[PDB]
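Same protein, same chain, two forms; see structure 1 and structure 2 below, as structure tokens.
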Structure 1
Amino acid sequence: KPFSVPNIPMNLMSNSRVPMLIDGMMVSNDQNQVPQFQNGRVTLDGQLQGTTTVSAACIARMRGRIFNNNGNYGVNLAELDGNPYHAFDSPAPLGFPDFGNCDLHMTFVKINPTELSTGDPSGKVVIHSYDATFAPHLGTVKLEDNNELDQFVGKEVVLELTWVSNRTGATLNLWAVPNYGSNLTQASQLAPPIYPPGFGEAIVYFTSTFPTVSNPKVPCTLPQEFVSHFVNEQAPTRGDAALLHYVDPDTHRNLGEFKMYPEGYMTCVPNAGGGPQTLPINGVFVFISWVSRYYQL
């Protein structure tokens, strides 16, 4: 099966870290910055990594049963379909937010049909993605008590990320990797860090405007629809890098060349006119050829 990337304009695809349309590309201020996102992680031959899911419907969501232990509230986590999280494959349940060291402002609803016959099933809560009480790898996270959790104790809910704020005393760092928790000898299951290629190349980030307050631009290393595309195709990786063109949807003019590496990320060589950030956002990526990892952009 021949390799390809989606024939969909970039601005119709979702961020892989929040369910939001992509509205830009950027390179990092520090071109040596190492991303280690846990969502949007897949190889070019379609092997999922981290907490990455096929569907954008799972991005930055949680599921589980709310508990109250001696005034300490929390969620006992499950996968989003309600089946148990076994921690065999991922550092947290699939889809789990990968924003670390910050305050996650969640909206949630009861999800058991028996709890959905009448009344308001909804609530909201803050979850800190820090401290030992944030241990999603071990199946539990602490909820901040907002005096409105008691009606939900013992109930199964699904939670979604509404907005994010900085932890007191810290900036909101969207490159931070959550400390998901360790379990004795068990593997972390983390998707690996991506080290910048150097030699003029820079990792390309796809961005979405989103209410990460104090830093309202969420970077990711692949659009979500690239992930499902690769999972669907399972195309053998026949070279060390894939040469892409980013093409005008109307004129079919090549607007810039990119390299995709087997690990599932893209680079460019930024030029005089600002890097990829200056490109129109309605272009279409097209696979041209397998090339050497040393191919010169």
Structure 2
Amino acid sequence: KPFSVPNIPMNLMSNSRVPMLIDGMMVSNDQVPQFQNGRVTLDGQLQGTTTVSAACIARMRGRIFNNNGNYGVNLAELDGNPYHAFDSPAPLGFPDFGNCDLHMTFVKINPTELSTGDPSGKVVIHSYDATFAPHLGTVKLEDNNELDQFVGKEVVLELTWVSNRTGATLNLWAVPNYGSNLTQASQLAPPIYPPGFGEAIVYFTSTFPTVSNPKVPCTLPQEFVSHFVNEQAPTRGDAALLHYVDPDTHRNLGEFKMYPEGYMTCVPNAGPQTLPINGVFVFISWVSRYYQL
């Protein structure tokens, strides 16, 4: 089966780290990416905490508890089935923002708890300290005096906004310490390094309320991930050459190389100019690693 990428304009696809439309792409000015969401091989093998649907991105599910003076969530997969530590660093879709304050909105999700009343709440979750242990199945919730009614209840949580940990800057490249002090989490997607030849890793961006740095970078659009999982196309070269084309004339606006590990590069800054955000990526061919952009 021939390899391909989605025919969809970039600005109609979602970020893979937050559920937001992509509003740009850029190379970094500096920081090694080791995102756990948006990770997949070109032949469709999911990595880290990455799953298929954008509906899963940056969400959690589980049962709220109160134990030894502290509140928390016992995690499950987003469909309510159990999280098995062997399969991944955390349940699929779990936010991959580390060393920061995750401001979550949540709702009760048991149908029997959704007959009457207001099922909703909000809570802060630190992606740091030993009590942040999603690989072990648990995370601490900061007590906001409004959690008691939810103790024992199953909820789904979504990432509403993010702030820095007090005393620290907000680092969107930090890897969460999923396994606490017990172990390095199983099946972490690896860090990515650029290959040479002037190439730089491309990040797809979304404006999002990561307060103090409201531009979330990811290494693949979510719909690329589902595309590769769907296709399972064998990888047949060092790199997949893509052209980013005008959506109407199909004229090439810029070349990119996608590597088997599931990320792409460019040689930036080829006369000042700005690429539009409504272009379409098109697979041209497998090329050697020596292909010069």
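Residue positions are counted from 1 along structure 1's sequence. Whichever C-alpha set is largest while still superposing within 1.5 Å between the two forms counts as the rigid core.
Next item on the list: Please look at 188, 214, 122, 162 and say which one has a C-alpha shift reaching 2 Å or more between structure 1 and structure 2, core superposed.
Entry: None of the others reach 2 Å, which leaves 188.
Check: Core superposed, what is the CA shift for residue 89 between structure 1 and structure 2, in angstrom?
Finding: A shift of 1.4 Å at the C-alpha.
Next item on the list: Give the C-alpha shift of residue 199 between structure 1 and structure 2, in Å, after superposing the two forms on their rigid core.
Entry: Shift of residue 199 at C-alpha, rigid core superposed: 3.2 Å.
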